[PDB]
Each structure stands twice: as structure tokens, then as C-alpha cells.
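First up is the structure itself, then whatever we jot down about it.
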Amino acid sequence: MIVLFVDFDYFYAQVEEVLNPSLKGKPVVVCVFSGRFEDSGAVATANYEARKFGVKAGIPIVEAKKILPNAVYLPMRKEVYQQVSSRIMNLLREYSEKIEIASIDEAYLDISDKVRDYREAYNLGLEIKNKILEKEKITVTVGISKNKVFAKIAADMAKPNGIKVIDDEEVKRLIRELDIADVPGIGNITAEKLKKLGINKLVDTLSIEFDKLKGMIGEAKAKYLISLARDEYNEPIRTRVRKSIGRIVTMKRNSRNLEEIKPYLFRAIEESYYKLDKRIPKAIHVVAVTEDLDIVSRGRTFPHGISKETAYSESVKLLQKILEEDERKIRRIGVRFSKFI
DNA sequence: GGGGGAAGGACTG
DNA sequence: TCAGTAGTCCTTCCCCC
Ligand SMILES: Nc1ccn([C@H]2CC[C@@H](COP(=O)(O)OP(=O)(O)OP(=O)(O)O)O2)c(=O)n1
Ligand SMILES: [Ca+2]
């Protein structure tokens, strides 16, 4: 099994670079401005010129501005990046019938039936980087290995504008050396739960009784790491089917006044319905992020498709429910729709 | 025991 | 006033068989 993983480099910012060439070379910081105060908000993606100085996704806009005060700060333009992404994904479709779009900038290709070895597999990923570059002027990084996970890990090592193959040999090496925290799907939370169990490398999962692990991080993540450690991971490339579509927003100020929150909720509904396009959801979920950044939610599943009007009146009921059951003020409010007809 | 949902959680990053 | 968005998978808890 030969998996070829494609990951677009600092995508949001790179697109801005393509639509405005005079930006390349200089630090570009694509941000999400909340409007709670000057430059309130967060960095969503920065290019390499910026990242080399510590300005990257997640940090506060105001912090970025302290480090790189003369960088070009741009507001997020999601729809624009989504259309560019659609065209590039279509380019990838032309190299394999088995494709798995994982996000707006990541796709796995099962080229097991397209190449004989990693040499051909390397040349194909070479052809792809040149195809995308030719038509969209977007650089991407290619990862190649025996399974999706290691294909991705490869791409993370080669970034940016890179390409790398991790053969059966290197896989065994990584299983022993690789900091398990660098394994896709393992965040800070799960990593710490591991150090405390004396597991810092994929291999270390083979030296501890299953239940001890399956009891610390859960059965799924257990069977996941173990399978990777034993070099038995082989999840197939599955054609992605969007299962949910939503929208969440930050309010100018925290609140718990149903009438002050409503405008933000309805806006989220309108945007969600525009993005549902033809898809009829049967389940709605209202999601609130409280003042202390905790996450709270209430949803409902109807035995029929949810019209916009039902969305409006039902979301209000779900928001009221949250307010009654939780006394904290809300900071972000949004809605997610799922279970499509 | 485990299905099915809801809600929470984690990671996507 | 440092803390954005989007989507998936998983777990927990409960109902229920
Ligand atoms: N706190 C974070 C961390 C990451 N991301 C998103 C946007 C950038 C991306 C980084 O993940 P990679 O797959 O490594 O991509 P990249 O080439 O490093 O960056 P980009 O996604 O911008 O191309 O994920 C985010 O929104 N918020
Ligand atoms: Ca990327």
C-alpha cells in the first residue's frame, strides 16, 4: 500500500500572496478580527517569512504586532481560499480514483494501483507539485509512505514546498525514535497522559499492559498507537462525505441576554444555510463558548429536515436551555447542522 | 452487556 | 482587552433492549 499525502503550504497566507504578488517575500499574517477592541482576535495562518519570527496560528493579533509591527495583516477570506482549494483538489482527483480530502488543504491519495514502488511514487508526487504550481502557483508538500499516518508525518518533515518518502525501514526507525507527541492525532492532553504512563515513543506502547493504556487514553487511541507501533496500521483511503456544517462567532462583549445574543446566532444560521446548499439537515446543535473559554452545547434531532424557520425558533429554544442550565456569560455563539437527507 | 442518543472531550493544529 | 474558526472522531452519561 502506497499513500501519497498532499498538504498546501501556509495556505491561507499563500493564497493572499498569489492574489497579491507584492506580498511574497514579506511577513504575511492572516487574522480573525473579533472586534472586542483594537486588533482583538487571533492569527489564523502566517507565511514562513512571519513564522521564522514566532508569529504563527493561535497567538493574539496584538502579540504578533509586537514582534512583527510592520508585517502585512489581512482579514480572513475563507470563501476565497475555499474556491482555490476546490480547484486544486480537482487537480488531485486526476491522479487517483481513491482520494480522501481531509480538510481545506489536505488530501490522501491511494496510489497503490498507480505506481510499482516508492521511486515511481516519488515521481508522481513530483508531477503533482509541478501541476499544482503550474496552474495555481501554489506550493505544496508531499508525504509518501505505507499508510496515511506516516504519509502525513513525512509531509510534516518536508515542509515547506517539500517532498519525502518514509520507507519500511525508516518507519521502524521512527517507531523507535519519533516523539509520540508528533504522531497525528496526539495533542498536548493525550501526550501528557502518556509521559505519566512512561510512554514517549510509539514503541513504548508495546511494553505496557493494554488495559493500563486503554484506561488512560481510551480504547480507540490505544488500539490506534499500538497498531502504528506494531507497524500494522492500514486504514483505507475513504472518499469524504461532509457530515456537518456550522458557524460560530465571537461577540463584541460577553453576555447572557437572550436578545443580545440572538443577532449573532441568527447570523450564524444564515451563513450555515448558505453553506448547506441543497443539503437538508435533520439535526441542529447550538454551541456556546463561555467567558472562561469552556464549551457548552445543546442540540436536537428531528425526524425530518429542518427548514430555516424551524432552525430559527429551535435554535432560540436551545440557546434558552443553555442559559437556564448554565449561569456563566457567553463569549462565542454558533450553530452546527448535521444528519443530512 | 451493549445499542442508541445526548453532551462532553480531543484534535484538526 | 492574549485566547480566532471548522470539522471529525471519540468519550461519557443516560435511556433502553
Ligand atoms: N492554532 C492553530 C494551528 C493551526 N491552524 C491551522 C491553520 C494553519 C494550519 C497549520 O497546519 P499544517 O497542516 O501544518 O499546515 P502548514 O503548511 O504548516 O500551514 P497552512 O495550513 O497555513 O498551510 O492549521 C489553526 O487554524 N490554528
Ligand atoms: Ca497546510
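So you know, we letter chains A, B, ... as the sequences are listed, proteins then strands, and number each from 1. Heavy-atom basis, side chains included; hydrogens, waters and symmetry copies ignored.
Taking the salt bridge (charged side-chain N to carboxylate O under 4.0 Å, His left out) definition, one finds that A:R300 meets it with A:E314, sequence neighbours left out. Residues forming a salt bridge (charged side-chain N to carboxylate O under 4.0 Å, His left out) with A:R77 (at least two apart in sequence, or on another chain): A:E16. Residues that satisfy the salt bridge (charged side-chain N to carboxylate O under 4.0 Å, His left out) test with A:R247, not counting sequence neighbours, are A:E271. Shown here are the side-chain hydrogen bond (donor to acceptor under 3.5 Å, both in side chains) partners of A:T190, two or more places apart in sequence or in another chain: there are none. Under the side-chain contact (heavy atoms from CB on, under 4.5 Å) criterion, A:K52 pairs with A:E49, not counting sequence neighbours.
In this structure, of C:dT5, C:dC10, B:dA7, it is C:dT5 that holds the atom nearest to the side chain of A:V32. Listed nucleotides C:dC9, B:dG8, C:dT5 differ in distance to A:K243; the shortest reach to its side chain belongs to C:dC9. The side chain of A:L293 sits closest to C:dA3 out of C:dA3, B:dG5, C:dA6. The side chain of A:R331 has C:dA3 as its nearest neighbour among C:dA3, C:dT11, B:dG8. Among the nucleotides C:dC10, C:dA6, B:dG8, the one closest to the side chain of A:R336 is C:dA6. The side chain of A:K221 has C:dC10 as its nearest neighbour among C:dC10, B:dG8, B:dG5. Side-chain proximity of A:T250 to the nucleotides C:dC2, C:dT11, C:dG4 is greatest for C:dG4. Side-chain proximity of A:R332 to C:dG4, C:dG7, C:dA6: nearest is C:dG4. Across C:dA6, B:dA6, C:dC10, the shortest atom-to-atom separation from the side chain of A:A220 is found for C:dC10.
Interface residues of residues 37-55 of chain A facing DNA chain C, ordered by number: A:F37, A:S40, A:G41, A:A42, A:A44; criterion, heavy-atom separation under 4.0 Å. Within residues 186-193 of chain A, the residues having any heavy atom under 4.0 Å from DNA chain B are, by residue number, A:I186, A:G187, A:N188, A:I189, A:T190.
Within 4.0 Å of A:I104, counting heavy atoms only, lies no atom of the nucleic acid at all. Among the heavy atoms of the strands lying under 4.0 Å from A:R240 are primed sugar atoms or P, OP1, OP2 only; no base atom is included. A:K223 comes within contact range of no nucleotide atom at all, as no heavy-atom separation falls under 4.0 Å. When heavy atoms are screened at a 4.0 angstrom cut-off, A:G334 is found touching no nucleic acid atom at all.
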Show the atom names and distances, to 0.1 Å, of all donor-acceptor pairs under 3.5 Å that link a side chain in residues 172-183 of chain A to residues at least two apart or in another chain.
unit_1: A:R173; atom_1: NE; unit_2: A:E177; atom_2: OE1; d: 3.2
unit_1: A:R173; atom_1: NH1; unit_2: A:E170; atom_2: OE2; d: 2.9
unit_1: A:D179; atom_1: OD1; unit_2: A:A181; atom_2: N; d: 3.0

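For B:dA6, the paired nucleotide is C:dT12, the pair qualifying as Watson-Crick or G-U wobble because both relevant distances are below 3.5 Å. The partner of C:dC2, taking Watson-Crick or G-U wobble pairs whose two distances both stay under 3.5 Å, does not exist in any strand shown.
Between C:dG7 and A:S103, no contact under 4.0 Å exists linking OP1 or OP2 to a side-chain N or O.
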Could you pull out the protein-nucleic contacts involving nucleotides 12-17 of chain C (nitrogen or oxygen on both sides, under 3.5 Å)?
none

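Under the 4.0 Å criterion applied to side-chain N and carboxylate O atoms, A:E291 and A:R331 are not assigned as salt-bridge partners.
Residue pairs meeting the side-chain hydrogen bond (donor to acceptor under 3.5 Å, both in side chains) criterion with at least one member in residues 191-201 of chain A: none, sequence neighbours excluded.
Taking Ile, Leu, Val, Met, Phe, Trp and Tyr as members and joining any whose side-chain heavy atoms lie under 4.5 Å apart, directly or through other members, the hydrophobic cluster of A:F37 also contains A:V62. Alongside A:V241, the hydrophobic cluster contains no other residue (criterion: ILVMFWY side chains under 4.5 Å).
Toward the 5' end of DNA chain C, the nearer of the two residues A:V62 and A:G246, judged by each one's closest nucleotide, is A:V62.
Under a cutoff of 6.0 Å and an axis angle of 45°, A:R51 and A:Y48 form a cation-pi pair.
The main-chain N or O of A:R332 is never found under 3.5 Å from a side-chain atom of A:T250 such that the two would form a donor-acceptor pair.
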